[PDB]
Amino acid sequence: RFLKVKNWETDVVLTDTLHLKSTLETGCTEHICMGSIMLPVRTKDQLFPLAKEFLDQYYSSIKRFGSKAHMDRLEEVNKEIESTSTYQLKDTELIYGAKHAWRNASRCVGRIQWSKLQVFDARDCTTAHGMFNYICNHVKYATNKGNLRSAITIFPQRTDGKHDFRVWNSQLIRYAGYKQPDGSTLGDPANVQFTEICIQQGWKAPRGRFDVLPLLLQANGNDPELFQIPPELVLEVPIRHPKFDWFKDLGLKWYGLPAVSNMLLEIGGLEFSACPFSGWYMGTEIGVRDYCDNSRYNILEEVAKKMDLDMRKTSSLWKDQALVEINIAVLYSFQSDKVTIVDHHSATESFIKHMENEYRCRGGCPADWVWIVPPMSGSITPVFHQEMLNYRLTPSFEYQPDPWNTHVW
Amino acid sequence: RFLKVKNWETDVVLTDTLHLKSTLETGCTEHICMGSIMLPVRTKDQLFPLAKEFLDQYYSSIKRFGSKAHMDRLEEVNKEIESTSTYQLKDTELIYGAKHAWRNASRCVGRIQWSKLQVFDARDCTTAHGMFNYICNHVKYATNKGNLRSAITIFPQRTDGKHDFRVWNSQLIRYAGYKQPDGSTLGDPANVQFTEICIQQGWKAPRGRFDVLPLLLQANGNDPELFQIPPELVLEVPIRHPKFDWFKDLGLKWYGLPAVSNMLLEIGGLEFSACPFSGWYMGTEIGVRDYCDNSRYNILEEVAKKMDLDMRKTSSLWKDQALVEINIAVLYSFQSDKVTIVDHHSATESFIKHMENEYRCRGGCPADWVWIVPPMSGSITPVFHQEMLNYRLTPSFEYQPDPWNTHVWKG
Ligand code: HEM
Ligand code: HEM
Ligand SMILES: C[C@H](O)[C@H](O)[C@H]1CNc2nc(N)[nH]c(=O)c2N1
Ligand SMILES: C[C@H](O)[C@H](O)[C@H]1CNc2nc(N)[nH]c(=O)c2N1
Ligand SMILES: CCSCCC(=N)NCCC[C@H](N)C(=O)O
Ligand SMILES: CCSCCC(=N)NCCC[C@H](N)C(=O)O
Ligand SMILES: [Zn+2]
């Protein structure tokens, strides 16, 4: 029942008890581990125990468990669900919930920051036009001219499931991708399907390498509508290298604001299907994944060629050499433009300190090792050597089906 | 049931049915994943089904399932178990079993090679001296003057648990570590506890940075005895860099033969507690882990100092740059000396081909992503993008407690 986790570099052994508060399932069984798999309406009956569990955790957190106010709130919510089949969170409960969904995010290395989240309550939003305004304001607040600030914007909860709010985009800011007659892909290959949806919905595409996608916003279950983020709100960084003069000539850039927009926020049984949230980048996200994945911008070959590396043999490690240089350029370019970015050494060092705090104060920290370890230089970061237990606590950020697969027009 | 795994780079989807043959447990539950945890006398009653399921697997593999030879063999083993509480494997079954424990080893990226394994049957061994001789012969055979050959040597199985054969070394060839009174370590910090045991047992330690450990060998449950591997049988490689002439003056070297000696082989319910096996290195094992772990030789700072990298801030990626140069030097050195080694790109590419072949011919390939993904440059290797399923098939290699924790000393 009490579980131990060991760090193999330091020999420090921590004891996890928080996993006993675990609600959702992992995908693993006693017979099979599914730890490397990417992707492994609530009735009145279903909803009250979920509200109770959340309210109990909330009242505990402000040291008023079992109090008059605790018991009166539980009764109020019970009455509301029995009468209306749902209930509404107090602003304090929504802020607590969003912060804890971040705290519980087992795949996120940046959780040391969890209590410093700005929460924008957009539950009064009714139209897609309202959504666009709120999102532009999120974008401007979070960007803060390069001094990035963590934020979430929360739109109205699911009701009967026919009036969902949804941002159809996977992040607020992403680049278009276009299948060419050539057979190659122009832009970001990850976004080819979504760009096709936008064009079919009437977006006039510039058909370039780094075209910022419009937002496709769905309010109150209505058909989604198109909006362009004001260009002057989208901060972008040209990529250059501190030593290699030729790097700038590759014509690379990236955006400053990573803002995930397709996840679902579950708080006390309630489901917030449009809840875009943002922090700041870890450099390997752009330099390793977005630039060097074979199915992404796939620039390893081009950079290796400019460096004049021996590309005849895998064992010269030309791919590894070019990888480090691309990642040096990403960090240098963001730092020179004074746009917040974290390197993987500093980010993982932080997460370790966070994990230690969480073990001492909360009895544990759910963590998905497969996601926490950076996609380059894994064992030279401290998280590689750290045993982690993965489990699902609520409030939570959850994946949900892409809306074009689900939406009836 | 069918389970699907996807490659997120190619969109190839494979279907696993082999997991249905898994009986052993993982540590995971519907509520917790223990995927990154390093370590998560049998009765007659439990022994016959394990025997039977193994012999069913063996006979199917030779297309003789349900033959008279198969039925006669089950009857023979059943009678041997009923009367002696154990049984003896035939040589063919032992070879099949060792090959399959390797095929089934979910943490091994080198399994494309599984069907090429030289099996040395040492089940006639009775003493630690005889163990020493078997192991010297394994080292010479597997080394093959640098053209490495995979091999395993199998000592007698467990009987009552009071007569176990054990190699107390974690690998056949490893370097001593010495803790100094000032708290520093000379040599390999991984091997400090074991070195202390060797010295206590009588080893005259040279006290240098790369001292090959003596073997410490336990036969038939007796107290272990020390032996030195003949120096001429221990192939080593001086480390140098193709471009940086100062690299050689770091005074680095490593041994050619990686040979795991502390694991237990389970075949058909029988337990082979002493079963050293060897292959060849993937370069990151030495260059990333052995040299660059903070708790191992820890050379990153010294290498970066010599490269004149900006070390004031981690965001210059100085550790990453020095890491690549060290790994280049390891691969270059071994290749220059004609000692078998494989780079992490080659090894992971071959593993993906092996895995896809296994899915098609066997219905699956259990694999532990946490171990399979290399410790540098993970996502530029194809295994990072491959979903894998981890489960436990028999025959298998298992961890076992260190023998100094469990040994009853006779005196
Ligand atoms: C403040 C700076 C932050 C840093 C440096 C950071 C770091 C990261 C990184 C590197 C990833 C992996 C992303 C990927 O590989 O695609 C990640 C994932 C994630 N983060 Fe954060 N994070 C930050 C803020 C936040 C915030 C503000 C939230 C929510 C309020 C959050 C919740 C999540 C979630 C739910 C995931 C998993 C996303 C997915 O599954 O695709 N993080 N984080
Ligand atoms: C032919 C070349 C081989 C290569 C390139 C190779 C590669 C690897 C690597 C890189 C590891 C991880 C080692 C570590 O991080 O400590 C490993 C683990 C392992 N390999 Fe291999 N291997 C080979 C041969 C073999 C052989 C001959 C066997 C047994 C007959 C075997 C069975 C295993 C097992 C059981 C592990 C897990 C060890 C542990 O848990 O400590 N492999 N392999
Ligand atoms: C198949 C495997 O689960 C997949 O490639 C994962 C591995 N680890 C990851 N880790 C992070 N942070 N982000 C990712 O997208 C992935 N992809
Ligand atoms: C805690 C964690 O599981 C541990 O550091 C693992 C990670 N992956 C590994 N992978 C390999 N091949 N070898 C190892 O020793 C480890 N160590
Ligand atoms: C928003 C929650 S995590 C904080 C932001 C972030 N550091 N990453 C978000 C994902 C970005 C994606 N990996 C990309 O490379 O564009
Ligand atoms: C023997 C079974 S796997 C094949 C050999 C091997 N490539 N490594 C074994 C482990 C070596 C350890 N990581 C080290 O760096 O010394
Ligand atoms: Zn698991």
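Residues numbered from 1 in each chain as written, not as in the entry; some residues may be left out. Chains lettered and ligands numbered in written order. Heavy atoms only, no water.

**Quick word on the overall build of chain B**
Secondary structure summary: chain B contains 11 helices and 18 strands in total. The C-alpha radius of gyration computed for chain B amounts to 23 Å, which stays within 12% of the reference 22 Å derived for 411 residues, consistent with globular compactness. Considering chain B as a whole, with its 411 residues, one finds that 55% of them fall into the buried category. Accessible area of chain B: about 18100 Å², with a carbon and sulfur share of 50%. Charge separation in chain B, taken as the distance between the mean sites of 47 positive and 49 negative side-chain charges, equals 3 Å. (Helix = DSSP H or I, 4+ residues; strand = E, 2+ residues; numbered from the N terminus. Rg over C-alpha atoms; globule rule 2.2 N^0.38 Å. Buried < 20%, exposed > 50% of the residue type's maximum accessible area, 1.4 Å probe, protein only. Areas by Shrake-Rupley, 256 points an atom, 1.4 Å probe, with all protein chains shown as cover. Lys, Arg positive; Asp, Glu negative; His and termini not counted. Charge placed at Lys NZ, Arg CZ, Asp CG, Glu CD.)

**Notes on the domain arrangement of chain A**
All names here are of chain A. Entries for chain A in the domain assignment read domain 1 (16-123 + 150-160 + 264-278 + 348-372), domain 2 (124-149 + 164-235 + 399-403) and domain 3 (236-258 + 281-346). With 22 residues of domain 1 at the contact, the number on the domain 2 side is 17 residues. Of the roughly 1600 Å² buried between domain 1 and domain 2 on both sides combined, carbon and sulfur atoms contribute 59%. The interface formed by domain 1 and domain 2 contains one salt bridge. (Domains from an automatic or database assignment. Contact = heavy atoms within 4.5 Å. Buried area = accessible area lost by both parts, 1.4 Å probe. Salt bridge = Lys/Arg side-chain N within 4 Å of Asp/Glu carboxyl O.)

**Concerning the coordination of the zinc ion (ligand 7)**
Looking at the zinc ion (ligand 7), the protein donor atoms are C28(A) (SG), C33(A) (SG), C28(B) (SG) and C33(B) (SG), and they sit 2.4 Å from it. Taken together, the four donor atoms surrounding the zinc ion (ligand 7) define angles of 102 to 119° at the centre, an arrangement classified as tetrahedral. In this structure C28(A) comes out as buried when scored by relative accessible area, which is 2%. Judged by its relative accessible area of 9%, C33(A) falls in the buried class. (Donors = N, O, S within 2.8 Å, 3.2 Å for Na, K, Ca; no water. Tetrahedral: all angles 85-135°; square planar, octahedral: opposite > 155°, others 65-115°.)

**Notes on the environment of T185(A)**
Residues and elements named next belong to chain A. For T185, the position within the fold is in strand β7 (residues 185-187). The class for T185 is partly exposed, based on a relative accessible area of 35%. C-alpha separation for the pair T185 and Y297, spaced 112 residues apart in sequence, amounts to 9.2 Å. Excluding anything up to four places from it in sequence, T185 contacts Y178 and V192.

**Focus: the site of ligand 5**
Residue and element names in this part refer to chain A. Near ligand 5 you find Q171, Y255, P258, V260, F277, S278, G279, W280, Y281, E285 and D290, and these make up its full shell. Burial of ligand 5 by the surrounding chains reaches 76%, relative to a free accessible area of 440 Å². Contributing elements (two or more residues each) for the shell around ligand 5: β15 (277-278) and α6 (283-292). (Near = heavy atom within 4 Å.)

**Some thoughts on the site of ligand 3**
Around ligand 3, the neighbouring residues are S36(A), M38(A), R289(A), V370(A), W371(A), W369(B), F384(B), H385(B), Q386(B) and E387(B). Per-site note: the chains with residues close to ligand 3 are chains A and B. At a separation of 2.6 Å, an oxygen atom of ligand 3 approaches a polar backbone atom of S36(A). Between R289(A) and ligand 3, the recorded distance is 3.2 Å, taken from a side-chain N or O atom to an oxygen atom. The fraction of the free accessible surface of ligand 3 (400 Å²) that becomes covered by protein chains is 86%. (Polar contact = N/O pair within 3.5 Å; in protein donor to acceptor, adjacent residues only side chain to side chain.)

**Remarks on the side chain of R296(B)**
Residues and elements named next belong to chain B. Topologically, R296 is positioned in the loop between α6 (283-292) and α7 (300-307). Engagement of the side chain of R296 in a polar contact is seen with the side chain of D290, the distance being 2.8 Å. Those residues in contact with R296, other than ones at most four positions away along the chain, are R174, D188, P189, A190, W254, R289 and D290.

**Notes on the coordination of the iron atom of ligand 2**
Residues and elements named next belong to chain B. The protein gives the iron atom of ligand 2 a lone donor atom, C108 (SG), placed 2.4 Å from the metal. Metal-centred angles of 86 to 178° between the six donor atoms at the iron atom of ligand 2 mark the site as octahedral. Along the chain, the position of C108 falls in the loop between α3 (91-103) and β3 (118-121).

**Remarks on the domain arrangement of chain B**
All names here are of chain B. Per the domain assignment, the segments making up chain B are domain 1 (16-123 + 150-160 + 264-278 + 348-372), domain 2 (124-149 + 164-235 + 399-403) and domain 3 (236-258 + 281-346). In this structure, domain 2 and domain 3 have C-alpha centres spaced 25 Å apart. When domain 2 packs against domain 3, the two sides together hide about 1700 Å² of surface, and 55% of this comes from carbon and sulfur. On the domain 2 side of the interface with domain 3, the three residues burying the most area are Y175, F210 and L235, jointly 35% of the side's total.

**Observations concerning the sheet that holds strand β12 (residues 259-260) of chain A**
Residues and elements named next belong to chain A. Here four strands make up an open sheet; going across it, the order is β3-β4-β15-β12 and the pairing mixed. Two strands close off the open sheet at either side, each with one partner strand: β3 (118-121) and β12. In the sheet, β12 pairs with β15 via two bridges, with the strands oriented antiparallel. Within the sheet, the bridge partner assigned to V260 lies in β15 and is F277. Strands β3, β4 (151-154) and β15 of the sheet are contacted by helix α4 (residues 128-143), whose axis makes an angle of about 170° with β4. (Pairing = 2+ DSSP bridges. Axes fitted to C-alpha atoms, helices over the stretch in contact; angles between N-to-C directions.)

**Comments concerning the side chain of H354(A)**
Residues and elements named next belong to chain A. Tracing the backbone shows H354 in helix α9 (residues 344-362). Look at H354 and you get buried, because its relative accessible area is 3%. Among all residues touching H354, those that are not within four sequence positions of it are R111, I112, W114 and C365.

**Describing the sheet that holds strand β9 (residues 225-227) of chain A**
Residues and elements named next belong to chain A. Strand order in the open sheet formed by three strands is β5-β8-β9, with antiparallel pairing between adjacent strands. Looking at the sheet topology across the chains shown, the edges are occupied by β5 (166-167) and β9. Against the sheet, α4 touches β5, β8 (215-218) and β9, its axis set at about 130° to β8.

**What to know about the interface of chain B and chain A**
Listed per partner, the contact involves 63 residues of chain B and 63 residues of chain A. Taken together, the two surfaces of chain B and chain A that pack against each other cover about 5300 Å², and 61% of this comes from carbon and sulfur. For the pair chain B and chain A, the number of links is 29 residue pairs in polar contact. When contributions to the side of chain B that touches chain A are tallied by element, the ones reaching two or more residues are β1 (3-6), α6, α8 (318-336), α9 (344-362) and α10 (369-372) of chain B. Partitioning the side of chain B that touches chain A into residue classes produces 28 nonpolar, 24 polar and 11 charged. (Nonpolar A, V, L, I, M, F, W, Y, C, P; charged D, E, K, R; others polar.)

**Quick notes on the packing of aromatic side chains**
Tallied over the entire structure, the rule returns 45 aromatic pairs over all chains. Between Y255(A) and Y281(A), the aromatic rings sit 5.9 Å apart at their centres with planes inclined by 55°, giving tilted as the arrangement. On the criterion of sequence distance, the pair formed by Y255(A) in strand β11 (residues 253-255) and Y281(A) in strand β16 (residues 281-282) is long-range, its members being 26 residues apart. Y255(A) sits in the buried class, given a relative accessible area of 1%. Residues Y175(B) and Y255(B) carry aromatic rings whose centres are separated by 5.4 Å and whose planes lie at 70° to one another, so their mutual orientation is edge-to-face. Residue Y175(B) is located in the loop between β5 (166-167) and β6 (177-179), and its partner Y255(B) is located in strand β11 (residues 253-255); the two are separated by 80 residues in the primary sequence. By the burial criterion, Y175(B) is buried, and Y255(B) matches it. Following the ring pairs from residue to residue traces out a cluster consisting of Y175(A), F210(A), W254(A), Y255(A), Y281(A), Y291(A), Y297(A) and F334(A). Just above the ring of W8(A) sits the side chain of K6(A); from NZ or CZ to the centre is 3.8 Å. (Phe/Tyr/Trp six-rings, centres within 6.5 Å; stacked < 30°, edge-to-face > 60°. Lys NZ or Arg CZ within 6 Å of the ring centre and 35° of its normal.)

**Quick notes on the packing of helix α1 (residues 44-61) of chain A against helix α2 (residues 68-84) of chain A**
Residues and elements named next belong to chain A. Where α1 meets α2, the axes come as close as 10 Å, and the angle between the chain directions of the two elements is 160°. For the element pair α1 / α2, the angle class is roughly antiparallel. As α1 packs across α2, the resulting crossing turns out to be right-handed. Where α1 approaches α2, its residues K44, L47, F48, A51, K52, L55, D56 and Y59 are matched on the opposing element by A69, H70, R73, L74, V77, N78, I81 and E82. Of the residues that constitute the contact of α1 with α2, the class distribution is nine nonpolar, two polar and five charged. (Parallel < 35°, antiparallel > 145°, perpendicular 65-115°, else oblique. Left-handed = near helix turned anticlockwise from the far one by under 90°.)

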